[PDB]
Amino acid sequence: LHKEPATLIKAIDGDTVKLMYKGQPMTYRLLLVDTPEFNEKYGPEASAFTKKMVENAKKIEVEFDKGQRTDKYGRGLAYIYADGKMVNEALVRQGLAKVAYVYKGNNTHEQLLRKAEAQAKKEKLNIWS
Ligand SMILES: Cc1cn([C@H]2C[C@H](OP(=O)(O)O)[C@@H](COP(=O)(O)O)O2)c(=O)[nH]c1=O
Ligand SMILES: [Ca+2]
């Protein structure tokens with residue numbers, strides 16, 4: 001897997017962000033996670049977590065997995081990094097996201113995220129409380 005350059009266009013919600021990649025705007029869906037919808041519990045906190053994390057980052061990187069970089073709604077599917085910290089793993093670690101949507105061929109960081117979910121669950125953080 002390789003990290004590639006991108007720049008924040010706009011925060012959207014817990015697990016989607018509008019980025020500019022190779023000079024084009026694109027909405028990205030965070031791989032292997034599921035944040036609550038805004039109007040669900042911890043939804044607003046998930047949005048705020050992700051928003052602050054991307055908005056404060058001096059360096060935004062996009063990391064595709066091995067299969068299909070686009071979803072059926074045309075959203076980019078990627079791992080996103082804010083100054084070298086993975087937003088996908090960061091939400092799960094805080095129990096603001098669940099490991100979810102684990103499709104074979106786009107699952108490189110699955111065990112890494114499940115590790116973070118185990119610890120979040122262990123600490124009864126947010127979603128697990
Ligand atoms: C995370 C992810 C979601 N999706 C699709 C499956 C879901 O389809 P359905 O709409 O048919 O449920 C939807 C969930 O996204 P949201 O959690 O953003 O709603 O996005 C993928 O196809 N691949 C993925 O890696
Ligand atoms: Ca979601």
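Position 1 is the first residue of the sequence, and the numbers go up from there. As a basis for the values below, the full set of heavy atoms in this structure was taken, side chains included, without hydrogen atoms, waters or symmetry mates.
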Mind checking whether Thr50 and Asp13 have side chains closer than 4.5 Å, heavy atoms only? no
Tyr28 and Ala78: which non-hydrogen atoms are nearest, and at how many Å? CD2-CB, 4.0 Å
With hydrophobic residues grouped by side-chain heavy-atom distances under 4.5 Å, do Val54 and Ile12 end up in a single group? no
Applying side-chain contact (heavy atoms from CB on, under 4.5 Å) to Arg75 and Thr16, what does each step give before you reach the verdict? CA-CA 9 Å; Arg75 297 175 308 178; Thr16 62; 4.0 Å; yes
Between CG on residue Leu77 and CG on residue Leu31, distance to nearest 0.5 Å: 5.5 Å
Residues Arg29, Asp15: salt bridge by 4.0 Å N-O rule: yes
Please give me the minimum heavy-atom distance between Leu112 and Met86, naming the atom from each residue. CD2-CE, 3.7 Å
Mind listing the side-chain donor-acceptor pairs of residues 94-106 below 3.5 Å, one per line with the distance, residues two or more places apart or on another chain?
{"unit_1": "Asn106", "atom_1": "OD1", "unit_2": "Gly67", "atom_2": "N", "d": "3.0"}
{"unit_1": "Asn106", "atom_1": "ND2", "unit_2": "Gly67", "atom_2": "O", "d": "2.5"}
{"unit_1": "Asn106", "atom_1": "ND2", "unit_2": "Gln68", "atom_2": "O", "d": "2.9"}

Taking all non-hydrogen atoms of both residues, which atom of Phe49 and which atom of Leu91 are closest, and how far apart? CD2-CD2, 3.5 Å
Does any non-hydrogen side-chain atom of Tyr42 lie less than 4.5 Å from one of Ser129? yes
What residues, two or more places apart in sequence or in another chain, satisfy side-chain contact (heavy atoms from CB on, under 4.5 Å) together with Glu63? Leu1, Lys3, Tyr79, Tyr81, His109
Partners meeting side-chain contact (heavy atoms from CB on, under 4.5 Å) with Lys41 (sequence neighbours left out): none
Quick test of your reading of the model: are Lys59 and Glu61 salt-bridged, counting only N-O distances below 4.0 Å? yes
Name all residues meeting the side-chain contact (heavy atoms from CB on, under 4.5 Å) criterion together with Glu123; count only those two or more places apart in sequence or in a different chain, and write none if there are none. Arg93, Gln119, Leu125
Straight-line distance of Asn88 CG to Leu30 CG, nearest 0.5 Å: 3.5 Å
Going by heavy atoms in the side chains, are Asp83 and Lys58 under 4.5 Å from each other? yes
Whether the side chain of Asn107 engages the backbone of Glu110 through a donor-acceptor N/O pair (distance < 3.5 Å, no angle test) should be reported. no
List the atom pairs, with distances to 0.1 Å, where a side-chain N or O of residues 18-26 and a protein N or O form a donor-acceptor pair under 3.5 Å, not counting sequence neighbours.
{"unit_1": "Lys18", "atom_1": "NZ", "unit_2": "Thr27", "atom_2": "OG1", "d": "3.2"}
{"unit_1": "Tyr21", "atom_1": "OH", "unit_2": "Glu4", "atom_2": "OE1", "d": "2.6"}

Taking all atoms of both residues into account, what is the closest heavy-atom pair of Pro36 and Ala46, and its distance? CD-CB, 4.1 Å
Would you compute the distance between atom OG1 of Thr70 and atom CZ of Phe64 and round it to the nearest 0.5 angstrom? 7.5 Å
Report the residues that fulfil side-chain hydrogen bond (donor to acceptor under 3.5 Å, both in side chains) with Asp34, sequence neighbours left out, ordered by chain and then residue number. none
